[PDB]
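What you see below is based on every heavy atom in this structure, not just the backbone, and it leaves out hydrogens, waters and symmetry mates. Letters A, B, ... mirror the listed sequences (proteins, then strands); counts begin at 1.
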Amino acid sequence: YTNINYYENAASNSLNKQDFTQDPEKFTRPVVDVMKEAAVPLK
Amino acid sequence: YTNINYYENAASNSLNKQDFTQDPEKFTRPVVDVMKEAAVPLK
Amino acid sequence: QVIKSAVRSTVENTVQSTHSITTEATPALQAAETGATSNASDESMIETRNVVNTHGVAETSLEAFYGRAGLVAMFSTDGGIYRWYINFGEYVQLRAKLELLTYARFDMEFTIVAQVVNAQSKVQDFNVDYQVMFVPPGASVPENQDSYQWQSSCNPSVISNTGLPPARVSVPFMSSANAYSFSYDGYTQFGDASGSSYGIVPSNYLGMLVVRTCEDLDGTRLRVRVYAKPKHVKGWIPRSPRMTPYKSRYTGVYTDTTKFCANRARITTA
Amino acid sequence: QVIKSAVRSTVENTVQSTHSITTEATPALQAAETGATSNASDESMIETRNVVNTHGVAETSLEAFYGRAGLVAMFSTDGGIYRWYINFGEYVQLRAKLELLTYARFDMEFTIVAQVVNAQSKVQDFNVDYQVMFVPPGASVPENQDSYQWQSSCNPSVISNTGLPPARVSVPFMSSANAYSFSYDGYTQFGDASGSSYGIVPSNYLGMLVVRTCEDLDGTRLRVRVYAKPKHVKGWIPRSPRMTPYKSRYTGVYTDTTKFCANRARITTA
Amino acid sequence: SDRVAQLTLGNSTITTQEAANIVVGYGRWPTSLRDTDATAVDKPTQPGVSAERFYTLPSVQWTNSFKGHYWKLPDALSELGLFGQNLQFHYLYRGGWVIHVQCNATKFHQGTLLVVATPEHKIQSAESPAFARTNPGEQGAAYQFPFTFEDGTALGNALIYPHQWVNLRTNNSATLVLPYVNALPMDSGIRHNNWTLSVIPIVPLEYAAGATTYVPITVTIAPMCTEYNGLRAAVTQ
Amino acid sequence: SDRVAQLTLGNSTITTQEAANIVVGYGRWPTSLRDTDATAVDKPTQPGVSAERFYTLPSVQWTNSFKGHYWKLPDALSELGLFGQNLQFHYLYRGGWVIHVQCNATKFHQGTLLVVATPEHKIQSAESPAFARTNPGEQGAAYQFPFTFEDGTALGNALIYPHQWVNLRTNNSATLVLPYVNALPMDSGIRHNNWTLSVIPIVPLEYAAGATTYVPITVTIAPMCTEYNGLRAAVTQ
Amino acid sequence: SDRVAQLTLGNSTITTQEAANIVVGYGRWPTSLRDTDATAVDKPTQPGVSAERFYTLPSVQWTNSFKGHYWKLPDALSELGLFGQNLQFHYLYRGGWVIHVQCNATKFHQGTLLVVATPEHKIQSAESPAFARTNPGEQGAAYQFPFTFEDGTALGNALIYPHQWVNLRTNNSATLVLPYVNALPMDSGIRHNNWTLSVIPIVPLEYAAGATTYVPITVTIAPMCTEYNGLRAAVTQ
Amino acid sequence: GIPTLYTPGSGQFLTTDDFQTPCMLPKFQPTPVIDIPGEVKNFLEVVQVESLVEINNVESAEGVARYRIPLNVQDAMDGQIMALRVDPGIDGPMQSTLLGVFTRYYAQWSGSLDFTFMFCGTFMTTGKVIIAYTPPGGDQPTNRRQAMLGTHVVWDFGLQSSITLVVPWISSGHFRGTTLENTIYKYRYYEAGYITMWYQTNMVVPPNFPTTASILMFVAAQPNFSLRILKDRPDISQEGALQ
Amino acid sequence: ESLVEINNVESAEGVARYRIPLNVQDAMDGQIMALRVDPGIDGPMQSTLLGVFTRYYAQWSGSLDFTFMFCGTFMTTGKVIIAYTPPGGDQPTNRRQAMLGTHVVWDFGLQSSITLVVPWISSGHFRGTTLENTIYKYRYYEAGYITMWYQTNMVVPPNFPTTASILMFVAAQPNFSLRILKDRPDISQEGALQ
Ligand SMILES: CCCCCCCCCCCCC/C=C\[C@H](O)[C@H](N)CO
Ligand SMILES: CCCCCCCCCCCCC/C=C\[C@H](O)[C@H](N)CO
Ligand SMILES: N[C@@H](CCC(=O)O)C(=O)O
Ligand SMILES: N[C@@H](CCC(=O)O)C(=O)O
Ligand SMILES: [K+]
Ligand SMILES: [K+]
Ligand SMILES: [K+]
Ligand SMILES: [K+]
Ligand SMILES: [K+]
Ligand SMILES: [K+]
């Protein structure tokens, strides 16, 4: 496989090949107090 | 990245990639006697 | 800050679980009021088996979602010239995609497809030379086909032919800002309380493209389509997606509606 | 000599300062009579914070400013031939740029765009072969389309077609001088006190380009545009920029004016 | 996820005995401008406790015809205490927030409020929005199109933004801590509103016959970790 | 004792090319309230550059009938910039000053001004002083009894207080740095004026026939090392 | 930046007691032709003190209608002393300069002169310049279009070239040291003028009624570090 | 010259191509990347957030009311409350949700779904409801008895206001089509099943209390959900360039 | 530093457009001049070095150097206040409003000049070089105003000129940079030159 740059500016580069995902916690559970799955949420 | 020459004469080469600036003193302060910023110019 | 984001390349496996008769563990009980999404997992609601899941997550990355050309402009010359303002609100598809993020930084690949058409809009097999000049704000805009501005000594120009493959150039992240904004709850200038200056990020406007034919066509005209492809995408703060039709090219104005999906007879009939 | 020039790739940072009540340090006091530019810095006039500034300085380098093609000639053949004298005073944009330096050395990239046009100047979809010959001073210049000089056994020639991509060649730094001069307070020859021989650097004239169509066109003609791009730029002694219109292709003659910017009602109204 | 809380900022202390945890937008607490992000070169002003405290706005009544109400930030406090003074006198402003929405009823009532803070929430249901709706002041403005969120999106998907719910059977308050968000290191506090705070009723207020029917909704906001640049004379939009 | 100076505070820089050294009252520069002197228990506000900068007041003309003019501190700036805002919103205030009095004429003029800052300078030449004289605002007030200093003392002995002279043949300015003085760790900035700044002519303005006769006196003051306690809503005397 | 100076070259010594430092164009003092730049193969002549001294040109009166005056170099000295003799007898010339512009008035006058040395300053305000303006001799020529610098540029931007100002309240002289500039190692001293020295009034001469009104401007120039090649018989343009 | 042989494909403009191309501003230097909260790297982060389902899509329901499932004191037992197809990408209640908008941007999906329900009655209103997921094979269940033979959860009203019903990924194939368009592709092959709700006991209220209360319906993707093959969202269209 | 064509009024022609006029007042706190600090827009700064080059680019960033030199007689004295007002409203209306911003009080003397640094205070890292509003709505970028006022008065001895001149210099500070080259709008032609 080959990924070598021909042009001067990075805008000429091809698409990024690092397509992963990350933990959605900052969106799905942005709370201060931890609420474990095994526990009741409101105590 | 790649910078290798194909042609014989240097006029065929691509643009220079050393784009910096230098101290403008020869233009902004071409005086013989040093005039420090903290001092008064005429003494 | 407080919540960390780990990185992964495959979706989560399923591991074998067993039955549970207890008063200490109640994973099914939740409280949506907190602002949190349920955290009850498969393994806790039913007895599961082991499943080594290798399904990938690549095609949903910002780069895989945004990384492909889409139409942003289409027009014909009138007198061998045409001036288009660089803005992506003319065509709704790529627009609706960009508005899924609040802020984003990205480079772009512009592909330009041109061809000649007669007065009745019927394509002609005619190879003519055309020029595309990027005129930043503050630069003098050409009045017509042969004005002096097409000398283009500083403004970038691309000259190709309708018989050559489509033209294409890459463009860097050019805003004065640290990211482009796709939602802006503010005004364009100080001392203006007018609705006509609301919701426009001026720093998102970087000029215009002026197209011409190097020499005049006799009875025909240049038909141009500009495609744009985001590259190296970086985005922040996902937004609630567009659910109503676009009306204006420059603003998000819309017409209220009372439902999104079509109705059905009974809530108990699937 | 006495004043040294350090090199840098980013503009200067701002470092935090504090208040000052003293009689020893007065950075705000200057004396423009000396010929020096003020040296009072941000940190000394106000209380500043720390700012790690990484804004680059690349696009203002000589190479980034000059390094792009610009129009230097445009013409049509008359009898299947045309002779142009290599001089950049015909079109003002690239000319006004070069005249920002007093002396400069640079290589050049010439791009030639050609197409056929009829008598009414309407472009034709016609692929014809054309020849561009560089004739140095002292070499015999072709009188017409088929003179013997187009054998071109020593003179450089480029032969391409209006259907092929534009032609392009690189040219070395060719003057007999050690740099091209863009301002010359002198005469072209000894024993001449005439205004017609003032302000022209003859060593800046390296010949002419003679264009022809290898075979005769029936009723049409070759329309040619020559672009030139400076490369590997070296310059000395920046000049006061042009502030009045060009009138003559070969000299800097101009028409006096009493103001540069438009007037306003009051000096106290911004 | 405890159900009680005390919030103390400056000279102001707030308490609730029926909360439902505390949300921190995007998992980020308010932070100051770093030296590598900054561009304005002047030393900033940092008011401290004079501007970073709790300001209570005039209450809104949860009526029968109630569709919701919104406040823009920093617009809503643009004229309160020293926070507002500092906002007017400086060209540039930066800052985070701590929001506490209040609404108590009784165990004989039922109703549910969505309490959401949206970054860059445009009020674009009109071709030429009126300044009184884009910048409604401390009294805020009423919702006219809650289903389309006043911006052509689905109300139901507004949960993609930082939020809590005030479900009368469960809690009498919602608490949110918001960080500064913008495509700029700083901006003008009079020409741009970074966040919008909306309280929209999704389940109507109902109760056992004869129960109290006058139910207010009070909003209390606190600037947090603020800084200002570009001092001059006072100016408003 | 150099004759030039530059004073930079906040976003303001002042210069003079004909000074006569700089006075520091009682040899003490402005300092913050120490933990052993303090009594008010609340965390103080410290505006910084927003209030600690140079404010220029409207000029006074050195007329022929001129007896002098005075400004009370902090009264004179009680309504300027964020310094004044902070003064009104807080019960308690503490702070020092940097004063720069300006008056240039030419080498063809003669005259002498006493520039004095007096701690607790009472305007008691009337049985029931008028608020317009005890607290004259940014415009200050004119002297009616300069010989008895408006307080029953000898003008000549006013040199026991921090001062400089503006002797036209020698200097065109006077510069004073004043520390906070009071029998209290802090006090109210609206009910008590700690310092008074007076410019009194002791040798009348004279000049060679035909010289410019319109000679102004400009006063520029800067709060320095200030702190405030007891925040509430804005209040003036 | 001292205000006094003495310049001694050859058998001539110049002094001034009200200078404003000394400018060295482009930070480079005059230097001889190096062996790697040279092309003319003959051993050069180096007159030394016979040609490298101060030559004073006839004075110009700063009249009321005065627009400025210019001298071309080496044209202005092309006929003075042994410097001029050497210039005529040789095909090639190379050299630097030391320029001293003089103009004293009194402390009762006001006016400001721009003293600039421009490399390759073309006098192109006419389609066919007259030899008397491009090469005006030792008497120099008067400015007709000072605002457009006689070359289609802005007078205000002439400060991009080596210069000083003679501001009567500050100095009575300007001093410049110029290096040789050209796109050639050497050139002809009769066919090309490398530098132009202009004295243009930007603030008109004014004074107290009755003061001396006859104010001259004297220019004194010295060749420095000169060398000549291509000896033959004398020739002028 | 190096010998070359150009091939089929030459000159074509494939919108998904990925070549390096000359930059228009070779030496341009972009502004710095500053610190901004809430960065997203993959859209899977977004479909995992719960959003409201427009479950009450009936003539009588307008606006905000289409998000409310209606409960009320029964005088009969084992009755049905609601029913819906779990397929996330087809037209209906789920198309205006976050999960739906994104499922509709792709052609295939896979994963367990999170269906969370929150009760909004008064603190004194009690009840037990059974929520069930019926796997493919027949039609939605006709009674509670048939429904409870599938995957279910019995929900008890109380301090914890909500309950989650995980509709686990049970499929013959690793992926399903996002549409069930049948007339052409015969994609009804992919139907994922039904989700029905029934009264387990009854909703009981004290004297004079509201006899009807509301349930809100949340939906999100589980951590093992993924989408494949991007396609244009069908709900975004226009008749011509916008003015 | 290059000279600013600050006196751009009908009555001013040629060299005189570089002179700011001062004169003995008989009133106090008066205004001397006013101007927008934006280096790339039409007006007094377009014919300066800073301006010609700012106009060759589309975006700018940095502190500016505004140096003023007094040209009155040695016996003429005075104090003036020069202020930089950041964006938000219109130019200040009186000295009181002006001094609430960034300023410098200048005292006439042997040191003939004074510098007023207009520091880079912006929301964004860069600004547009034009404020063209009708299309791009670029008035979004306005950088502020610079006003001059009498601090005291210009005083002269008997029979001296009662008006004197101030020259205005401008340059970029060391943290200034430009981005995106474009054609200078002031250089044009109607056809190939003869
Ligand atoms: C010479 C080839 C032509 C190259 C054209 C380069 C133009 C520069 C690209 C600017 C892209 C920024 C687009 C950002 C946002 C959209 O306009 C928004 N929809 C406007 O709100
Ligand atoms: C066969 C392809 C054609 C190649 C043409 C080569 C011509 C040689 C290039 C000479 C470039 C020198 C230009 C220098 C200065 C300008 O002419 C000035 N404006 C004249 O004053
Ligand atoms: N600037 C050229 C026209 C440019 C072109 O046609 O390429 C002229 O004025 O003649
Ligand atoms: N030298 C040739 C003509 C050159 C050409 O047409 O290429 C001849 O005299 O026949
Ligand atoms: K896995
Ligand atoms: K749980
Ligand atoms: K979940
Ligand atoms: K740096
Ligand atoms: K200094
Ligand atoms: K400077």
Side-chain angles (χ1 to χ4, degrees), chain E residues 7-14 32-33 38 40-58 74 77-95 138 186 188-190 222-236, chain F residues 7-14 32-33 38 40-58 74 77-95 138 186 188-190 222-236:
Chain E
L7 310 171
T8 297
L9 276 177
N11 69 343
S12 57
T13 287
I14 296 190
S32 29
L33 189 43
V41 308
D42 63 318
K43 179 177 289 173
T45 280
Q46 285 173 287
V49 296
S50 56
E52 292 172 26
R53 53 189 298 294
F54 283 110
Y55 295 97
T56 288
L57 313 183
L77 284 66
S78 68
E79 299 197 309
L80 294 176
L82 279 165
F83 168 77
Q85 279 321 106
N86 280 287
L87 195 74
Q88 287 177 37
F89 277 95
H90 289 88
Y91 156 39
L92 302 177
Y93 147 75
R94 185 193 160 91
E138 70 163 354
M186 302 188 81
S188 153
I190 66 180
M224 179 159 78
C225 192
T226 69
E227 69 190 84
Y228 317 67
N229 293 67
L231 175 71
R232 46 165 167 58
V235 175
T236 47
Chain F
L7 310 171
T8 297
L9 276 177
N11 69 343
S12 57
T13 287
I14 296 190
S32 29
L33 189 43
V41 308
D42 63 318
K43 179 177 289 173
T45 280
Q46 285 173 287
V49 296
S50 56
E52 292 172 26
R53 53 189 298 294
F54 283 110
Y55 295 97
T56 288
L57 313 183
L77 284 66
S78 68
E79 299 197 309
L80 294 176
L82 279 165
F83 168 77
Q85 279 321 106
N86 280 287
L87 195 74
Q88 287 177 37
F89 277 95
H90 289 88
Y91 156 39
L92 302 177
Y93 147 75
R94 185 193 160 91
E138 70 163 354
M186 302 188 81
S188 153
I190 66 180
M224 179 159 78
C225 192
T226 69
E227 69 190 84
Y228 316 67
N229 293 67
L231 175 71
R232 46 165 167 58
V235 175
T236 47

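Residue-environment remark: OH (F/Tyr91) stays at or below the threshold of 12 foreign heavy atoms within 6.0 Å.
Between F/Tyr55 and F/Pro223 the shortest side-chain heavy-atom distance falls below 4.5 Å.
Neither the backbone nor the side chain of E/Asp42 comes within contact range of chain F, judged by heavy atoms closer than 4.5 Å. Looking at E/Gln46, the atoms closer than 4.5 Å to chain F (heavy atoms on both sides) all sit in the backbone: N, CA, C or O. Within the 4.5 angstrom heavy-atom criterion, only side-chain atoms of E/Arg53, from C-beta onward, approach chain F.
Not a single donor-acceptor pair under 3.5 Å links the side chain of E/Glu227 to the backbone N or O of E/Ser32. Without hydrogens or angle criteria, E/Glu52 side chain to E/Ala222 main chain gives no donor-acceptor distance under 3.5 Å.
The aromatic rings of E/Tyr93 and E/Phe83 sit perpendicular, their planes meeting at an angle over 60°, well past the 30° parallel limit.
Heavy-atom pairs under 4.5 Å with chain E were tallied for F/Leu231, F/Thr45, F/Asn86, F/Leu82; the largest tally goes to F/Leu82. Contact count versus chain E (heavy atoms, under 4.5 Å) is highest, among F/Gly48, F/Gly10, F/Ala51, F/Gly81, for F/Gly81.
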